[PDB]
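Here's the structure, in structure tokens; my notes come after.
As a convention, Cβ positions derive from the backbone with ideal geometry for all residues, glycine included, and neighbour counts pool all protein chains shown. The values are calculated or read from the model by the stated rules, or taken from the named source; none is laboratory data.
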Protein chains: 6
Amino acid sequence: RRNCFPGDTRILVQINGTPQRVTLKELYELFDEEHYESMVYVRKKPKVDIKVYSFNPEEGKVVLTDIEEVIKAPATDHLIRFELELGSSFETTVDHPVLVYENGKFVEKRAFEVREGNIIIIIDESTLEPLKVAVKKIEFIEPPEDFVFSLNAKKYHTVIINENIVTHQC
Amino acid sequence: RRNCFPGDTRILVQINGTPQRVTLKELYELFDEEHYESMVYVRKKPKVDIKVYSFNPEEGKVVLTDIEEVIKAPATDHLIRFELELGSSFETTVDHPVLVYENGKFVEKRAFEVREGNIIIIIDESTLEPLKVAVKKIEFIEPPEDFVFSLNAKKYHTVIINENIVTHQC
Amino acid sequence: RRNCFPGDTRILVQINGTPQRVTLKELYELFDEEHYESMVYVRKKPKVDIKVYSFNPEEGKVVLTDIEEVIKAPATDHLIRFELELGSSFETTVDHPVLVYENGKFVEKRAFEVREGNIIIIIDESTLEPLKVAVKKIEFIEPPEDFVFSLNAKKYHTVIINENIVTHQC
Amino acid sequence: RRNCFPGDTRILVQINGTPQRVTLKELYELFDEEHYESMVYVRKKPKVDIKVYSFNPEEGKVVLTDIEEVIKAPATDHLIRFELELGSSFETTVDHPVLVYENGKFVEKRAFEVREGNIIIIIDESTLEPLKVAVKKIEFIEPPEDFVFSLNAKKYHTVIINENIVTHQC
Amino acid sequence: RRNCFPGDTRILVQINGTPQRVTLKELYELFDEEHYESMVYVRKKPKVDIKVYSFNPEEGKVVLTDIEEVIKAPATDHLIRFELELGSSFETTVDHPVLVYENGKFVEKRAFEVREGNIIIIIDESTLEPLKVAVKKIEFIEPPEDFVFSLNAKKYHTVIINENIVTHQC
Amino acid sequence: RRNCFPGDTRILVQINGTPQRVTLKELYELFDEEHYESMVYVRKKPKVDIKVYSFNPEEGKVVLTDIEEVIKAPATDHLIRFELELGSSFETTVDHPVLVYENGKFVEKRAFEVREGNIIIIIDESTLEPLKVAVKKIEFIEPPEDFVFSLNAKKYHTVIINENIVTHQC
């Protein structure tokens, strides 16, 4: 019954009697009592009357089933996020080279080595001039698009995405 | 000078004197004389006066350089696309199980084994009833989001994405 | 009790009282009631009195045991098969370049892009002249040599291949 | 011009004026002056007048070209070969368990740990009795079927296999 | 409860009432009744009163628990060890080139092909002269530093390494 | 001429006329003019008269050659280092669970989510009591043992490690 879905995939459920299509990230945020088990986040208690629409291939009938667990698997690796002055942002890999101004020179610096206060070269969208801006904040971030969600349901483990009956999206 | 970019990444160029931001898929479709070399598609002749904006870190100056080649690398694996009756579509992996109606039974069939004329079970978005629809067309497709583009430029190999000076997006 | 065997590996069994060596592909085709479960084909009902010869290392005795399931795992990726005129065939990878004649030119075309009616260049075995033949049929095929079989037996999970007692061939 | 071929693949060449189809293992054994360079065996001097048949797609003509190097890449990992008494052989992986008789017990022993003089249990093909045989010889062997060959030719790098014009078999 | 630890990692246990820090290799060698199961060595019977110190996060208390199994996983691949004359040793990979003297020539030979009696070139640490020494012994060895150990404990599966409460070291 | 060596591997060189064995990390720190090129750190200017001892297999003679570049390749992934109060340290993977005290509860927290000021549970080596200590510092660190060094030398690319003539240690 193990499956993988992107965060933005919409599946069809019944909450408080009415049916609708919720994104799997929303379905996760519709549970609580989070627990970091193994290498994933498991949520087992719902805070709204939840049921997932599945299919019974023995009787060939659309059916309701219980959402036992909702699972959120963090990204494998993470990116580095430089919040710079003048509002500009820069997300990149830890090994990607960043153009830095130091000691009157333009040098290529491994993103992992950039520190707050360092000068990044950016290029103004209006004037197309090289601008010297400072790194205000450095954050190791996991892009929501890199998360993998799973759904453990009782008995009937298939899920209804748009019009289709899908088992997983690994 | 080898790099990787998604198809939808916008880089800044000068065409016929004016500068603007074009997607790398557009930049590819702005060349011609295609050639399948090694395992990639190379386009070397431009049909519009093209130059890419890069950066000179010796003088610290934004500069124009020539786009020698634009490269398009096909997806690794491909998906199967079922065009069904009533307008519905279904894209999936060759090994994903598809709910099929055959011999009065609902069976799980490997997508690779589905044939035209087979009956797929779908679920109507309005009525939530199981519908029996027929496979009209079967296509092995490569999603545009799975293509990897590259840019070979002369001397200065960096590229200006929004405000940032990036080397690649591998 | 999970194992892997090529299709052509011969193991020793007793069918209808007599013992003999059957290939694992034959052993699979000696069952029925196929089911595509997970990502493999499982056959659980035998159509002939079947037992597999295994070994009891506690008493050190050759023994008979029941064949619960026979499993067939499809190839990972598949090849493209071009059936050409004049009887010639061509099996290759989806990314391998095929010599095509189009618009009076010999071009290298990604096998994935070849279509029925396209002209392939072949070389006659007798005369060694380049011949222009047409693609009559295009098939995505899985070579039997790429399939991986498994055997689930009761209690004693080893198998007798020629003279040897082997556990698997992963 | 880098390619990969199995040892048993037949390509078409001209030796001493006459054309014929030789296996790539034979083509390798038709050269000498072996050299272990990088992680492969290179042979550069031919001991017979050799030329390989290739294709000129500019003029669309079958052509002769020079075989600069023939390359033989050893298998990645190797197997263990037990030569046992009574003529029986056993090839397996270093981690596969071998049924051994020691101290009056049948034990599963990692193939890597088996030594000469150890007792292997085999099963006679005629009588189907368990036989105790001794390991006479232990050899770390590389199966010929696991070798990967390459051909470096001048200018025209394609090769004629049966009727087809193929670039590689990676 | 599955974990991985290097051989030299020290965990804290109580043997015969007194607590101390033992290396996981020592902890393995403190059990017996070895069994090669799957692809690992399992030891289940202790020859000394053993208990492992774990943590109870419900009561937040350091606790004793039973060591059910201790597991030792062999290295993936192995090295070749040349015992040479004059006491010198040489450990290397099966594919690494070894400088050999044969037929009055210095040749690079694949380590896998070196045989006993072959002449290796070494360089004396005192005089810095090239010395011709003979291969006396050839051994396929698994470096202790390449082994991966595991601990199966009852209920509480965490382990106390120095001052820290760690789950694994995969 | 591309090779890989651990940081602690000692190779034999001549500095200012005298020969000795320096670790490759020391050899790197004996150069300067660092440059982050591709995904590695290259040092090309020596600050001490350097030459590396290599071997000439044509004349069979130990020889001196020039060290063109010394290369340092950063670790693939990095660890998280928690500097805690009372002097204790904790290095772990970003996904490893850390025992945290929050809201009067002992919870398992993904190391990536631990913040400064959080309470870690450790276990005193003397008293074996659980101690509540605070995270003072959080550092993303690359262990020196995870770095891979390379040496580009002129003509003769082999290196003398102890008594042996080795090409690489990939």
Q) Among the residues of segment F:94-106, which ones are more than 8 Å from chain E (Cβ to nearest Cβ) and either in contact with an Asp or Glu (Cβ under 7 Å, 6 or more places away or on another chain) or not in a strand (DSSP E or B) (or both)? A) F:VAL94, F:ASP95, F:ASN103, F:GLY104
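Of everything in segment D:17-29, what is hydrophobic (A, V, I, L, M, F, W, C) and free of Cβ contacts under 8 Å to residues at least 24 places away in the same chain? Give them in sequence order.
Correct list: D:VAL22 only.
How many residues does segment D:117-146 contain that are in contact (Cβ under 8 Å) with a residue 60 or more places away in the chain and not aromatic (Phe, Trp, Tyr)? Give the derivation first.
Pass one, segment D:117-146, residues in contact (Cβ under 8 Å) with a residue 60 or more places away in the chain: D:140-146.
In the following step, the residues that additionally are not aromatic (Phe, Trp, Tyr) were identified as D:141-146.
Selection size over segment D:117-146: 6.
If you scan segment B:9-44, which residues turn out to be of a type outside the set (A, V, I, L, M), assigned to a strand (DSSP E or B) and either farther than 12 Å from B:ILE71 by Cα or not assigned by TED's automatic domain parsing to the domain that holds B:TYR156 (or both)?
Quick first cut of segment B:9-44, residues of a type outside the set (A, V, I, L, M) only: B:9-10, B:14, B:16-21, B:23, B:25-26, B:28-29, B:31-38, B:41, B:43-44.
Add one more test, that the residue is assigned to a strand (DSSP E or B), and what stays is B:10, B:14, B:18-21, B:23, B:31-32, B:35-37, B:41, B:43.
Those that are of a type outside the set (A, V, I, L, M), assigned to a strand (DSSP E or B) and either farther than 12 Å from B:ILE71 by Cα or not assigned by TED's automatic domain parsing to the domain that holds B:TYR156 (or both): B:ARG10, B:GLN14, B:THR18, B:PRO19, B:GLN20, B:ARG21, B:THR23.
Considering each of B:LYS132, B:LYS72 in turn, give the residue that is over 30 Å from A:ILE123 (Cα atoms) and not aliphatic (A, V, I, L, M). Break it down into steps so the answer makes sense when it comes.
On the way: B:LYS72 fails: over 30 Å from A:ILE123 (Cα atoms).
One residue alone meets the criteria, B:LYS132.
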Q. Of all the residues that make up segment C:36-61, how many are surrounded by 13 or more Cβ atoms within 10 Å (Cβ to Cβ) and in contact with a strand residue (DSSP E or B) (Cβ under 6 Å, 6 or more places away or on another chain)?
A. 16
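Return the residue satisfying two criteria in turn: it lies in segment D:22-48 and is closer than 15 Å to D:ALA153 by Cβ and touching a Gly at 6+ places or on another chain (Cβ under 9 Å), and of such residues it is nearest to the other protein chains (Cβ to nearest Cβ).
Of all residues in segment D:22-48, those closer than 15 Å to D:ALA153 by Cβ come to D:22, D:24, D:27-28, D:30-31, D:42-44, D:46.
So of that shortlist, the ones also touching a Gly at 6+ places or on another chain (Cβ under 9 Å) come out as D:24, D:28.
Details: D:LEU24: 17, D:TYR28: 16 Å.
Among those that are closer than 15 Å to D:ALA153 by Cβ and touching a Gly at 6+ places or on another chain (Cβ under 9 Å), it is D:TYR28.
Quickly run through segment D:77-93 and pick out the residues that are assigned to a strand (DSSP E or B) and either among the charged types (D, E, K, R) or touching a helix residue (DSSP H, G or I) at 6+ places or on another chain (Cβ under 6 Å) (or both).
Residues of segment D:77-93 that are assigned to a strand (DSSP E or B), as a first pass: D:79-84, D:89-92.
D:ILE80, D:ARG81, D:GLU83, D:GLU91, D:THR92, listed by residue number.
Strands (runs of 3 or more DSSP E) wholly in segment C:107-170 with at least 1 residues that are closer than 27 Å to C:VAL40 by Cα - which ones?
Numbers: elements: C:119-123, C:130-141, C:148-153, C:159-161, C:164-166.
By residue number, C:130-141, C:148-153, C:159-161, C:164-166.
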Q) With respect to the numbered conditions (1) of a type in the set (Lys, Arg); (2) over 28 Å from the mean Cα position of the chain (by Cα); (3) under 30 Å from B:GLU29 (Cβ atoms), which one is the sole condition not fulfilled by B:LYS155? A) (2)
Q: Name the residue, out of C:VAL70, C:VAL94, C:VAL63, that is within 30 Å of C:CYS170 (Cβ to Cβ), among the aliphatic types (A, V, I, L, M) and not assigned by TED's automatic domain parsing to the domain that holds C:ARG43.
A: C:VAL94
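Could you tell me whether segment D:110-120 includes any residue that is facing chain C (nearest Cβ under 9 Å), buried (at least 16 other Cβ atoms within 10 Å of the Cβ) and under 29 Å from the mean Cα position of the chain (by Cα)? Before you say what the answer is, go through the steps one by one.
Within segment D:110-120, the first condition is being facing chain C (nearest Cβ under 9 Å), and the residues that meet it are D:120.
Of the ones still in play, those that are also buried (at least 16 other Cβ atoms within 10 Å of the Cβ) are D:120.
Next, only the ones that are under 29 Å from the mean Cα position of the chain (by Cα) stay: D:120.
Yes - at least one qualifying residue is present in segment D:110-120.
Among the residues of segment C:65-75, what is the count of those that are closer than 20 Å to B:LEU79 by Cβ and more than 9 Å from every other protein chain (Cβ to nearest Cβ)? Spell out how you get there, then give the answer.
The first filter runs over segment C:65-75 and keeps only residues closer than 20 Å to B:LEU79 by Cβ, leaving C:74-75.
Filter again for more than 9 Å from every other protein chain (Cβ to nearest Cβ), leaving C:75.
Summing the residues that are closer than 20 Å to B:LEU79 by Cβ and more than 9 Å from every other protein chain (Cβ to nearest Cβ) in segment C:65-75 gives 1.
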(Q) Going residue by residue through segment A:64-78, is there one that turns out to be crowded, with 16+ Cβ neighbours inside 10 Å and more than 23 Å from F:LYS109 (Cβ to Cβ)? (A) yes
(Q) Exactly one of these conditions fails for D:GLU125: (1) surrounded by 14 or more Cβ atoms within 10 Å (Cβ to Cβ); (2) within 11 Å of chain C (Cβ to nearest Cβ). Give me its number. (A) (1)
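With C:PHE82, C:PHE90 as the choices, which residue is buried (at least 18 other Cβ atoms within 10 Å of the Cβ), within 8 Å of chain D (Cβ to nearest Cβ) and under 15 Å from C:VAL135 (Cα atoms)? Even if it seems obvious, please write down each step before you answer.
Values: C:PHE82 fails: within 8 Å of chain D (Cβ to nearest Cβ).
Going through C:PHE82, C:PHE90 in turn, the sole match is C:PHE90.
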Q | Failed item, numbered, when E:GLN14 is tested on (1) crowded, with 19+ Cβ neighbours inside 10 Å; (2) within 26 Å of E:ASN162 (Cα to Cα); (3) touching a residue at least 40 places away in the same chain (Cβ under 8 Å) | A | (1)
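Evaluate the following for A:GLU37: is it of a type outside the set (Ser, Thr, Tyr) and under 30 Å from A:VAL135 (Cα atoms)? Full working, then the answer.
Working: of a type outside the set (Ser, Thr, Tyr): yes; under 30 Å from A:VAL135 (Cα atoms): no.
It is false that A:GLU37 is of a type outside the set (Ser, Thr, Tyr) and under 30 Å from A:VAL135 (Cα atoms).
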(Q) Test of understanding: among F:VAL107, F:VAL100, which residue is farther than 27 Å from A:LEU99 by Cα, in the same structural domain as F:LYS132 (by TED's automatic domain parsing) and buried (at least 19 other Cβ atoms within 10 Å of the Cβ)? (A) F:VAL100
Q. Taking only pairs six or more apart or across chains, which ones have beta-carbon atoms under 7 Å, a first residue in segment C:104-116 that is within 10 Å of C:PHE82 (Cβ to Cβ), and a second residue that is polar (S, T, N, Q)?
A. C:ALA111/C:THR92; C:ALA111/C:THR93
Q.
Restricting to segment E:54-92, name every residue that is under 19 Å from the mean Cα position of the chain (by Cα) and within 25 Å of E:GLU34 (Cβ to Cβ).
A. E:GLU69, E:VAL70, E:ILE71, E:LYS72, E:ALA73, E:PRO74, E:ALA75, E:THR76, E:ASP77, E:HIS78, E:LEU79, E:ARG81
Q. Of all residues in segment F:132-169 being facing chain E (nearest Cβ under 8 Å) and of a type outside the set (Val, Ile, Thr), which is nearest to E:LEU86 (Cα to Cα)?
A. F:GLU163
Q: Identify, by number, the condition in (1) within 14 Å of chain D (Cβ to nearest Cβ); (2) in contact (Cβ under 8 Å) with a residue 24 or more places away in the chain that C:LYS61 doesn't meet.
A: (2)
Q. Which condition number does A:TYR53 fail, the rest of (1) in contact with a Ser or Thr (Cβ under 9 Å, 6 or more places away or on another chain); (2) not in a strand (DSSP E or B); (3) not hydrophobic (A, V, I, L, M, F, W, C) being met?
A. (2)
